[PDB]
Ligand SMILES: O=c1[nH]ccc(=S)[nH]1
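Below, in structure tokens: the form deposited without 4-Thiouracil (LDB), a single chain.
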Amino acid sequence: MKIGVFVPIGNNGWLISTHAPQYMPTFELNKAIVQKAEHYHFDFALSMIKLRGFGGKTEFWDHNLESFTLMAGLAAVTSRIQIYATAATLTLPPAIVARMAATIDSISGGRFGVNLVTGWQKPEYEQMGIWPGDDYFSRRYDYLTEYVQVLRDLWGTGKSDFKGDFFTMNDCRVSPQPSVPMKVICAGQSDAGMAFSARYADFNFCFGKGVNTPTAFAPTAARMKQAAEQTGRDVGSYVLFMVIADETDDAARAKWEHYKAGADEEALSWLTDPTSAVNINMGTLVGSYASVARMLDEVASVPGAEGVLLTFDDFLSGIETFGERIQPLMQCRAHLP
């Protein structure tokens, strides 16, 4: 199974708690994280794009870097890990994304790909006057289909004459073309989103589910395999989890409970053994290094699951303990050096 790191482009990562680590997203922090992930043979690093935060005591996601420029900088200081940026497709013309992708292909020597998102949180767009209206909720994958057609023309041939409802290309040109086939990834959970992914993506990201129920996402990965059957394309599932690991199950549980006890309720308001809002009800693996290794090996056995995208409570120590204590016990990582 492949392992990626979801890099903290927003302050405080994925914990909405006064008891969680408090930190700003800097370049040098994301550089340290990605160089340590690459050292431990992580396969990829992805950044999201988040254009508005949730406030509260922790100013949660009020502070966020931009994904293409962050990943261009990270590409320059790495050599092997795959680098993915997220395009909020309402915010960038497709010929600009095409050229940014060819640029980071150049920086990285062919390690770059794009996560294409529709956007769904109206305020991120309404705040800058570019929300297309509430018809977007139902038509957004029609928009994304035209967007990706323009991208595939430009990457594949260097030109597009595409004409649709949303885009008009009149001999649009982007060269250079990427040195390797450009990877497109999607994070579609809906039927329309999975249908898009099945037609155009290399793989689809989905949410891990529950606390210490690693296989609870299986129905989502089954729906995505069904969507991929309809195109005949091999489009696997990469599943998002948070890992809270320690020397013992009891020690990891104590950390998780300490984070939940600090929940930043004002920030959680704006956003509105169970999952907790403290990490946006993310799929969570809480245990000893050995327990987390066993639970990740169970993820690897789910039909359609090809990888995991990981967040941690503390990225610098969480990547280190992952590489030193968890990954060496994982049957699904026995292929590493």
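Note that residue numbering begins at 1 and tracks the sequence as displayed.
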When the other structures of this protein are compared, and only where the residues around it are present, is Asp273 absent from a third or more of them? yes
With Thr272 and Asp273 adjacent in the shown sequence, let me know how many deposited residues between them lack coordinates: none, 1 to 3, 4 to 9, or 10 or more. 10 or more
Taking the recorded C-alpha temperature factors, which stretch has the higher mean, 32 to 40 or 293 to 301? 293 to 301
Between 114 to 122 and 239 to 247, which has the larger average Cα B-factor in the PDB entry? 114 to 122
Choose from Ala85, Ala228, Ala218, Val77 the residue with the greatest Cα B-factor as stated in the PDB record. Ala218
Have a look at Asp105, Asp153, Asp264, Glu146 and flag the one whose Cα has the highest B-factor in the entry. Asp264
Quick check for you: using the entry's CA B-factors within this chain, is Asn281 in the lowest, middle or highest third? highest
Thinking about Cα B factors across the chain, which third does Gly10 belong to? lowest
With respect to C-alpha B-factor, does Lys260 fall in the lowest, middle or highest third of the chain as deposited? highest
Going by the recorded CA B-factors, say which third of the chain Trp61 sits in, lowest, middle or highest. lowest
Within-chain third of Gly318 by Cα B-factor, per the entry: middle
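The discussion below concerns the form deposited with 4-Thiouracil (LDB) bound, not included here.
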Within a 4.5 Å heavy atom cut-off, is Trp120 in contact with 4-Thiouracil (LDB) in the deposited complex? yes
Heavy atom to heavy atom, is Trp61 within 4.5 Å of 4-Thiouracil (LDB) in the deposited complex? yes
Given that the partner is absent here, does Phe207 sit within 4.5 Å of 4-Thiouracil (LDB) in the deposited complex, heavy atoms only? yes
Non-hydrogen atom contact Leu65 with 4-Thiouracil (LDB) in the deposited complex at 4.5 angstroms: no
Only one of 297 to 305, 30 to 38, 284 to 292, 46 to 54 has heavy atoms within 4.5 Å of 4-Thiouracil (LDB) in the deposited complex; I'd like to know which. 46 to 54
Within 1 to 35, the residues having any heavy atom within 4.5 Å of 4-Thiouracil (LDB) in the deposited complex are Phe6, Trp14
